[PDB]
Amino acid sequence: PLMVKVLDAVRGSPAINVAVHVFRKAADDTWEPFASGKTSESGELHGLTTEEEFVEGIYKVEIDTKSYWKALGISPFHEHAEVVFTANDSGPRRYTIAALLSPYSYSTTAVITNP
Amino acid sequence: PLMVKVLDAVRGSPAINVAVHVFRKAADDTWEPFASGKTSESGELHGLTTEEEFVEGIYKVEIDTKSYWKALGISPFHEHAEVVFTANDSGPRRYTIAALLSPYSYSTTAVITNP
Amino acid sequence: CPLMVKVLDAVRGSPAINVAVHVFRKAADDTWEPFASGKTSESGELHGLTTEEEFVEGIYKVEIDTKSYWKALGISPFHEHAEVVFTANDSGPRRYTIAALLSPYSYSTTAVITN
Amino acid sequence: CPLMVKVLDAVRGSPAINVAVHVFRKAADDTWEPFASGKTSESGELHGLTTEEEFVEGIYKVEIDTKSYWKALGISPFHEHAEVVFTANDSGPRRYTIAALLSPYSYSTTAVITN
Ligand SMILES: O=C(O)c1ccc2nc(-c3cc(Cl)cc(Cl)c3)oc2c1
């Protein structure tokens with residue numbers, strides 16, 4: 001129910017080995033760690049959560065763009081790319097969070113389907 | 001060897017039924033029709049060409065964004081989104097041309113892999 | 001003068017007017033301390049946030065209230081807000097423009113840093 | 001005054017300086033007639049392309065010479081050029097800014113139309 005896809009605009013390739021941390025807002029308004037993982041050779045990160053566990057809430061998907069670029073030897077601008085959204089508030093949906101990275105810019109979009 | 005993927009930034013969905021025309025620059029410098037098709041329910045267009053037919057050359061992938069938005073009843077800014085590039089000049093590659101559409105904006109990127 | 005925020009609307013092809021923007025500075029304890037705020041003008045710009053003396057090196061977060069923007073236009077948006085988190089570095093150029101391009105299910109951001 | 005082009009560099013976080021830009025008007029026979037051209041300034045902007053009297057309704061193409069830009073910086077780019085093709089419509093607002101954000105394998109463009 002939650003997938004992350006990351007592309008590299010400098011290389012024209014998937015962004016491989018990008019760390020991604022997902023948080024969910026708790027009742028006390030703090031960000032609780034929810035799931036994390038790394039993008040594969042295809043730039044995709046599957047297996048973050050399950051439909052049972054991915055309940056309604058406000059989620060933050062933090063894509064660790066600085067760590068990605070630094071591991072490539074590049075000094076980038078941003079610390080991370082964040083995507084913050086309410087999920088599953090009209091029932092379960094499947095969400096793909098996609099991002100396109102450059103050293104001084106990024107883009108993100110959501111692809112949401114109803115099973 | 002050539003796939004096109006189109007996403008809709010207003011709907012948060014694949015862009016379905018987007019017409020795409022591919023041209024290849026001829027020896028006389030005109031744009032020759034090369035292949036065409038429509039995106040599926042997943043926003044993807046497969047089957048445009050073959051590795052035999054997709055020789056070296058300068059290609060133009062024209063994504064018919066105005067026709068897409070007009071079919072949704074929206075008056076958009078652009079006539080189309082174009083992506084013009086040299087392909088297969090260091091041997092065969094597989095190209096994905098991706099685009100993200102809004103009524104007054106679009107983004108495009110390339111994902112290129114070597115089989 | 002050292003920091004400007006510019007916000008554009010990809011749906012209407014216009015500046016994003018009267019958008020609330022909050023800037024925070026990361027404190028030593030990793031919390032986000034309020035730093036400056038305002039609303040974008042008719043040109044989508046927010047000037048006068050800080051001065052050279054106040055804008056020291058460090059990590060800053062620019063939060064753009066995209067949800068209220070879209071709702072005021074009668075549009076249901078995906079994101080709670082847009083975030084741009086970056087490091088200010090004195091060894092680079094001296095004026096930072098943080099630009100954002102908004103759609104309901106997507107946003108893009110870039111840095112335009114000049115002397 | 002009715003038409004301005006602004007070009008930004010997503011790799012360096014800067015304006016895209018000294019980029020050649022050619023504007024064409026679609027003729028009655030569907031060919032592209034030269035209309036105006038220039039090179040972007042230190043701010044990434046190209047002003048003075050046309051006047052109100054000259055800029056009539058019709059379809060225009062703005063070609064940005066991204067390939068030369070990247071090569072002058074020592075970077076191998078994907079695209080031959082970037083294109084932005086749109087209709088000028090008198091029933092909408094009166095000043096058009098065509099903005100482009102460049103990366104080696106990707107570009108984004110938006111319209112900022114104001115009165
Ligand atoms: O090849 C695929 O399956 C695949 C999937 C998701 C994708 N998301 C994009 C995408 C995202 C942004 Cl934010 C801007 C642009 Cl231009 C493109 O391209 C994708 C390609």
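Both ligands and their constituent atoms are indexed starting at 1 by order of listing. Just so it is clear: chains get the letters A, B, ... in the order the sequence lines come, proteins before strands, and each one is counted from 1. Computed from heavy atoms alone, side chains included, the values below leave out hydrogens, waters and symmetry copies.
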Original post:
Under 4.0 Å from any heavy atom of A98(B), which atoms of ligand 1 are there?
Top reply: 18 (O)

Subject >> Distance-only donor-acceptor check, side chains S107(B) and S107(A), under 3.5 Å >> reply: no

Subject >> Top protein contact for atom 3 (O) of ligand 1, by heavy-atom distance >> reply: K5(B) CD, 3.6 Å

Subject >> Side chain, backbone, both or neither: the part of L7(A) lying under 4.0 Å from ligand 1 by heavy atom >> reply: side chain

Subject >> Numbered atoms of ligand 1 (with element) below 4.0 Å of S107(B), judged on heavy atoms >> reply: 16 (Cl)

**OP:** Give the numbers and elements of all ligand 1 atoms closer than 4.0 Å to a heavy atom of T109(B).
**Re:** 16 (Cl)

**OP:** Return the orientation label for the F77(B) and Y104(B) ring planes: parallel under 30°, perpendicular over 60°, tilted otherwise.
**Re:** parallel

**OP:** Could you tell me whether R11(A) atom CZ has more than 12 heavy atoms of other residues or ligands within 6.0 Å of it?
**Re:** no

Original post:
Quick check: does any side chain N or O of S13(A) sit under 3.5 Å from a backbone N or O of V111(B), one acting as donor and the other as acceptor?
Top reply: no

**OP:** Look at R24(A) together with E32(A) and state whether they make a salt bridge at an N to O cut-off of under 4.0 Å.
**Re:** no

Subject >> Close-contact set for ligand 1 against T108(A) heavy atoms, below 4.0 Å >> reply: 13 (Cl)

